[PDB]
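Going down the list, the protein sequences come from chains Y, C and U. Residues 25 to 68, 77 to 108, 115 to 131, 167 to 180, 185 to 210, 215 to 247, 257 to 469, 491 to 528, 531 to 620, 641 to 675, 691 to 827, 856 to 1135 (the UniProt record's numbering) are what the first sequence spells out, left to right. Residues 726 to 827, 856 to 1064 (the UniProt record's numbering) are what the second sequence spells out, left to right. Residues 968 to 1016 (the UniProt record's numbering) are what the third sequence spells out, left to right. The structure under discussion appears below in the form of structure tokens.
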Amino acid sequence: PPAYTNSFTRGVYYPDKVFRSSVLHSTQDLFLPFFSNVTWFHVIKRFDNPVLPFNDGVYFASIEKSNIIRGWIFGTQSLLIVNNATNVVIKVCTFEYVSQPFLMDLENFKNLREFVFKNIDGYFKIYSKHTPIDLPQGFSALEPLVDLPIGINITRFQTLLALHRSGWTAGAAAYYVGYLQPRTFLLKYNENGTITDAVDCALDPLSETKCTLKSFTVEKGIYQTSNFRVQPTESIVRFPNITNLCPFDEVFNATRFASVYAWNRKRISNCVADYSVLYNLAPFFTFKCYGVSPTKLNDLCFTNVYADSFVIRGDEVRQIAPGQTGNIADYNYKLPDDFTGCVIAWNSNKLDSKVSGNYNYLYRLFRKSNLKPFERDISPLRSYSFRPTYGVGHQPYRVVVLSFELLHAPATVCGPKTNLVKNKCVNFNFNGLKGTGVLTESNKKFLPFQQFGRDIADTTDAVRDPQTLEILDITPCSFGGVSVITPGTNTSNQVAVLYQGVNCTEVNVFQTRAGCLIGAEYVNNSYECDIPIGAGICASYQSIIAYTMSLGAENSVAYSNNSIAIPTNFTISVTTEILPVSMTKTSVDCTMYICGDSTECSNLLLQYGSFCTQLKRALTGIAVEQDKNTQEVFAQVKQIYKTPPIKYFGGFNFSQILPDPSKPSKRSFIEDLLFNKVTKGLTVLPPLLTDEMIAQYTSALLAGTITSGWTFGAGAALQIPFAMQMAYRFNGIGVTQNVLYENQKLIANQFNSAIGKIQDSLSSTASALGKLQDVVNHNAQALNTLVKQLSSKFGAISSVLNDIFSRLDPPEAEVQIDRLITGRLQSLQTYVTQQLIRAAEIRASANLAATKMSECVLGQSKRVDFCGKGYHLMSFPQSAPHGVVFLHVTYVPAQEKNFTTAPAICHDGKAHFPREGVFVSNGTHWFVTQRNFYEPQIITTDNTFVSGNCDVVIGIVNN
Amino acid sequence: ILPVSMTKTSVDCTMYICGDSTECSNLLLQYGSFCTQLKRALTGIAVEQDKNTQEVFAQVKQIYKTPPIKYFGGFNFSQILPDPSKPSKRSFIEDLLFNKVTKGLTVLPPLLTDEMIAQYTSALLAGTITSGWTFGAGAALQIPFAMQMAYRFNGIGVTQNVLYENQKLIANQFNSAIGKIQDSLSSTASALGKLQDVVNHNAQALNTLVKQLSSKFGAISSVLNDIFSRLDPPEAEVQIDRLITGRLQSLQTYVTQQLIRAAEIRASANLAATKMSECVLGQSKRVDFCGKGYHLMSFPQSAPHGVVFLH
Amino acid sequence: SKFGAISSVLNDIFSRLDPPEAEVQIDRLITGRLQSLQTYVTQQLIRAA
Ligand SMILES: *[C@@H]1O[C@H](CO)[C@@H](O[C@@H]2O[C@H](CO)[C@@H](O)[C@H](O)[C@H]2NC(C)=O)[C@H](O)[C@H]1NC(C)=O
Ligand SMILES: *[C@@H]1O[C@H](CO)[C@@H](O)[C@H](O)[C@H]1NC(C)=O
Ligand SMILES: *[C@@H]1O[C@H](CO)[C@@H](O)[C@H](O)[C@H]1NC(C)=O
Ligand SMILES: *[C@@H]1O[C@H](CO)[C@@H](O)[C@H](O)[C@H]1NC(C)=O
Ligand SMILES: *[C@@H]1O[C@H](CO)[C@@H](O)[C@H](O)[C@H]1NC(C)=O
């Protein structure tokens, strides 16, 4: 029986004969799906190998051992490959090809053969691969062997098997079946330029996330990938279907008609008419319709409608034809040559037969001159000798014709050209008004003359059907982008798809206030947020779940009316702030960028005005302001400081930051890992301050801020003890120097553990350089579009300006030059403007970083939550590509404790207040402690002052 | 008043320019990654908006809460602090703000909805009131309000005895001033100038955006079918290219000024976070930064896409 | 700035080309100078920020 199995990762071929190295190139072509239900075939007693159609195109593989498959038959010219005992021959009998006896080379299974059959645009590509191998572990790139311009289509292929005859037994055989449909793979090339993986953008949500990120390792986070829209389903065509009604009673069921010369002309206008009446009645047999096609009457409508009623005889109907003349034709009525009219004929014997005899018809016979078209004569009369002995074909026949005319007046007569849908995201078309949305009830009452209402946003919001008098509300149908909830591949592999404000009734499964969510099960509990999902939804892995973002550490403060709690401990938590102080300054030659060495390009471009010059001026301003930012950020001091050759800093270890004399490039480990982690027509100008000089300024700034304190920003550096300096910094954050004095070595120990955690976090944190890498990505992608918009082949025969010149006359070749250069110049100008705004943002950030350097490093900042979280102490710089990294010291308190405090001790009528401390008790003794730390001190007459009496202090006590 | 958020949006470039027209989409997709630049710049705007919102409101990961027993010793903050009896947990001042203030594109919801922003503001108030400024630097170290204001007067150069003799009178002055704030916000159309105008700027920015689609540029019909039916296909293609490139330039220009306000209000919101640090999360020595004059105290309040303070 | 116009100023286009095509070429200069104006305004906004 046929068997089904997973195709896994087979079918990866190079698209053409173009080699690419170390690129993640993604291209669109006919490709075979991944993880497909590939049928397994076996031949054993039974023989089930029916005809295998070609369809669009077939990827076929043969797991061949001992060369049992020898050839096939291709035909509907037909393609065949034959291998006799000598060599291998390829035959198409238009197309011929000779290659190698590969299939004869043939150099339990020891080998596996691989084949490719591709047939588009008359080019037939085969890739050959001998793979010496329940699937054995291995892989092979599909080498491009041959391309043959067959120019033929073969709509079927067959399978041939080899038996053994002297009994006879048919061996077990298998083959693989798949087909190519246009999709877009994503590749990877290793150091040796070989494919190791291919992922389409259209198999999996994981696959398309990979396609978007262009990186096969994913850290974590919510990524936007695509959009969701509800596609329309039906075509709605609406017109005056019912409404009024056209006059047909006196046209068809009128009792009496008129004579030809006095033919009745009447106006039919502004009425609803249906064409199905004549079509659905049998007697109206003859419908040969002149000048205008009756099928397209649903599209074309004339100015007005005329219905002429008249009576003619039988034998002279044949005489009415073009190219002939006669008495009746030249003196009664001459038909138009361009007659755009439509005729109806039927039997009317009951309406034409009279027993008493019809002798009341008159007509005008004598005329002085020939009648002209669209003319009437009223300026001699014969009676028609009609007799009942007339033949079957000579009896009078009634014909009624509708006549239409074309004039300058607008078409005032047009009929309906239908059904009304309800409550579906489909098209609504009311007299030419198109749209897309849902149709719901409308609570708003219009006025009878008003049809189309609008909202504030100047959009169609309400509509009423021209035939059915109901007001409807057109709410926009569900709209939302496709964003993927997928954590790092190091943790999971499942995907989750989110829909921004869209109900899944248009697509376990969970419905949120952002719509419906597919791929996670909602959790009613509260957990700390990790990745924001939307509208207060966050995910935490403990599979993929989504829950309303818990606020965080939900807590109720223990407000006290008479008691205080002050921390007795803390931590020096040190973090990283990364501020990009510069960017990749660029200066672009306009003429080079557009055409370079093209004389005509250069001459015809430089006369287009000062565009290139002004853009270059803007870029030069950009470059000089990066140089200025570097000046303001780094070179705020002109006296080059160097630490003494002894790298001793009072027990504080700084081995990972100082410049190292061992390395000739003066490169610290932190900037080492930063360098490792960071990643024609392009111009990069070297920094005015190279990495070496930037590092030297960092060294000098450190020398100042450690050895000589914060004075070096005010001129010459003033030598000052480092721990008295840090005591001053504690004083600046409201902490007494005794805290540092009695915590000297231990605070050193926490400082060392903190810097070690810093270096570990920098080493193991791929997101620490996120902003810098982000700036680099802007630079890169801007350059990519900037360059690629010119030399893109786009799969045409030739994309050469000289090719256009050779294929066109010079007058229009110059026009093509103009169009091309204008397009490229506009693209460049857009790039430059984007660069300008990015530069302004970087300029703001750079002023920010200069302020950080000045107020966090060259001195202490009391401005909380600018130089790091909490009361900020001091900071350290370090170099970074086009940027800088600042390490901050912050006093973060911990280990809070309630304490028994007194407002005033009323002794001898005096209420006692301190300048800075708070009086507290441990239970048996009363001590004074400061604001941001619990530090008891002796309460004497010296260290306290009496201000006010006891009748104003809240909390009178006796002690 | 400081604008904080904007009506963040992401524009499907193809849907914007063309709609569901397969011909227009096929034409447009060959014009390069300008659309990708547009979308990704807008995504940068959105993530910037969310991170400004987080810096402004989720400055503390730990969420302190106001007890129903609001025993402040006679300092009633009912109009700023949402009442537990009030169903949707929003301040009356927020209600005044909200009822005072007033396709093919999207509006993304804030990560912190109106309720969650209000809750963040409530946590900030609880910290800065019951526990004072230290909750920015760590745990909300509880500290009684009269002595917290005594610390503030020691900040501006006043002894705590002066407060204790003046506690009742400054309380009455403060509550009367709060009443004046209530009346001024209720009756003052110019009280919300900055937020109302930034909401405007977003609004008529989007409005000129949508009317740009109504800029005909001299053709017969913006739907491609009429152009093809009444014109030769070769010239129809070129006119299609002209119209779509005009609209593409318009969208690029719109997002250009959108980035311009992105930077502007980003700096403003940085200032807002800085002044919650210096004004809510502590005392500022800065002049003309927590309002006019020496600073004493501040109370943040939620607002549509922005914040409002009573310094 | 020529902007692909055989004459760079409006009155000279009027004098040098018949009105039916002079109007369209004037339109082309109008949109080019418009581009220039938006560029200048964007520089103005950035500088003023
Ligand atoms: C304050 O906290 C620090 C750590 O946060 C404490 O330091 C630790 O003290 C214990 C007690 O002997 C030692 O075993 C640890 O080795 C210390 N840590 C380190 C990194 O060395 C300190 O003792 C605390 N002080 C008070 C008064 O509570
Ligand atoms: C400080 O720690 C570093 C870490 O490697 C060590 O090399 C150094 O000897 C220690 N002591 C001093 C005084 O730097
Ligand atoms: C102080 O005591 C109260 C009593 O309920 C308790 O809730 C609070 O956590 C205590 N605070 C400290 C810092 O010990
Ligand atoms: C409180 O501290 C004092 C001195 O620091 C000490 O003498 C006393 O014993 C302490 N109280 C208790 C209950 O131990
Ligand atoms: C404070 O204001 C509220 C609301 O305006 C009012 O109900 C209350 O009586 C006022 N006074 C106190 C002490 O709460």
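Idealized CB from N, CA, C, for every residue including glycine.
In the DSSP assignment, what residue or residues form a beta bridge with residue i?
i, result
"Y396(Y)", "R357(Y) and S514(Y)"
"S316(Y)", "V595(Y)"
"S1097(Y)", "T1076(Y) and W1102(Y)"
"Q1113(Y)", "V1104(Y)"
"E169(Y)", "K129(Y)"
"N540(Y)", "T549(Y)"
Note the first and the last residue of the continuous beta strand (DSSP E) segment covering residue i.
i, result
"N188(Y)", "Counting along the chain, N188(Y) falls outside any beta strand (DSSP E), and DSSP gives it neither H nor E."
"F377(Y)", "Taken as a continuous stretch (DSSP letters only), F377(Y) belongs to no beta strand (DSSP E), as it is neither H nor E."
"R577(Y)", "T573 to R577"
"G648(Y)", "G648 to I651"
"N907(Y)", "Counting along the chain, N907(Y) falls outside any beta strand (DSSP E), though it belongs to the alpha helix (DSSP H) covering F898 to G908."
"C432(Y)", "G431 to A435"
"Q52(Y)", "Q52 to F55"
Please list, in chain order, the chain Y residues whose beta carbon lies closer than 9 Å to that of residue i.
i, result
"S982(U)", "Neighbours of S982(U) on chain Y: none; closest Cβ ~21 Å, over 9 Å."
"residue 1065(C)", "The structure shown does not extend to residue 1065(C), since chain C is modelled only from 726 to 1064, so the question has no answer here."
"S968(U)", "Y756, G757, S758 and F759"
Listing by chain order, which chain Y residues have their CB less than 7 Å from the CB of residue i?
i, result
"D737(C)", "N317"
"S884(C)", "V705"
"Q787(C)", "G700, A701 and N703"
Which chain C residues sit within Cβ distance under 8 Å of residue i?
i, result
"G667(Y)", "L861, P862 and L864"
"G799(Y)", "Those within 8 Å of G799(Y) in chain C number zero; the least Cβ separation is about 26 Å."
Could you spell out the range, first to last residue, of the alpha helix (DSSP H) harbouring residue i?
i, result
"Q1011(C)", "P986 to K1028"
"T761(C)", "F759 to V781"
"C291(Y)", "Segment: none, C291(Y) is in no alpha helix (DSSP H) and carries neither H nor E."
"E1092(Y)", "Looking at the DSSP string, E1092(Y) is not in any alpha helix (DSSP H), and its letter there is neither H nor E."
"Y369(Y)", "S366 to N370"
"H954(C)", "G946 to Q965"
"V915(C)", "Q913 to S940"
So residue i contacts chain C; which residues on that side make the cut at Cβ distance below 9 Å?
i, result
"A570(Y)", "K856, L959, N960 and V963"
For a contact meaning CB atoms closer than 8 Å, what does residue i contact in chain Y?
i, result
"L894(C)", "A713, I714, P715, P1069 and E1072"
"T912(C)", "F1089 and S1123"
"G889(C)", "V1040, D1041, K1045 and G1046"
Using a C-beta to C-beta distance shorter than 7 Å, which residues of chain U count as neighbours of residue i?
i, result
"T274(Y)", "Under the 7 Å cutoff, chain U gives no residues; its nearest Cβ is about 35 Å from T274(Y)."
Who are the neighbours of residue i on chain U, taking C-beta pairs under 9 Å?
i, result
"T998(Y)", "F970 and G971"
Using a C-beta to C-beta distance shorter than 8 Å, which residues of chain U count as neighbours of residue i?
i, result
"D994(Y)", "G971"
Legend entry - chain U contacts from the region 1005-1022 of chain C (Cβ-Cβ distance under 9 Å): Residues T1006, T1009, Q1010, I1013, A1016, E1017 and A1020.
Legend entry - Interface residues of the region 397-431 of chain Y facing chain U [CB-CB below 7 Å]: From the region 397-431 of chain Y, no residue has a Cβ closer than 7 Å to chain U.
Legend entry - For ligand 4, residues whose Cβ lies under 6 Å from any non-hydrogen atom: Going along the chain, the residues that qualify are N1098(Y), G1099(Y), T1100(Y) and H1101(Y).
Inset, instruction - Below 9 Å between beta carbons is the criterion; list the residues of the region 1026-1058 of chain Y that meet it against any residue of chain C, in chain order. - result: So the close ones are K1038, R1039, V1040, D1041, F1042, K1045, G1046 and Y1047.
Legend entry - Lining residues of ligand 3 - beta-carbon closer than 6 Å to any non-hydrogen atom, in sequence order: With the cut-off at 6 Å, the residues found are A706(Y), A713(Y), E1072(Y), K1073(Y) and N1074(Y).
Inset, instruction - Please list, in chain order, all residues with a C-beta atom less than 5 Å from at least one heavy atom of ligand 2. - result: Here the list is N801(Y) and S803(Y).
Inset, instruction - Select from the region 312-339 of chain Y all residues with a C-beta closer than 8 Å to any C-beta belonging to chain C, and list them in chain order. - result: Taking 8 Å as the Cβ-Cβ cut-off, the region 312-339 of chain Y approaches chain C at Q314, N317, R319, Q321 and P322, given in chain order.
Legend entry - Residues within the region 914-945 of chain C neighbouring chain Y, beta-carbon criterion of under 7 Å: Within the region 914-945 of chain C, the qualifying residues are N914, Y917 and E918.
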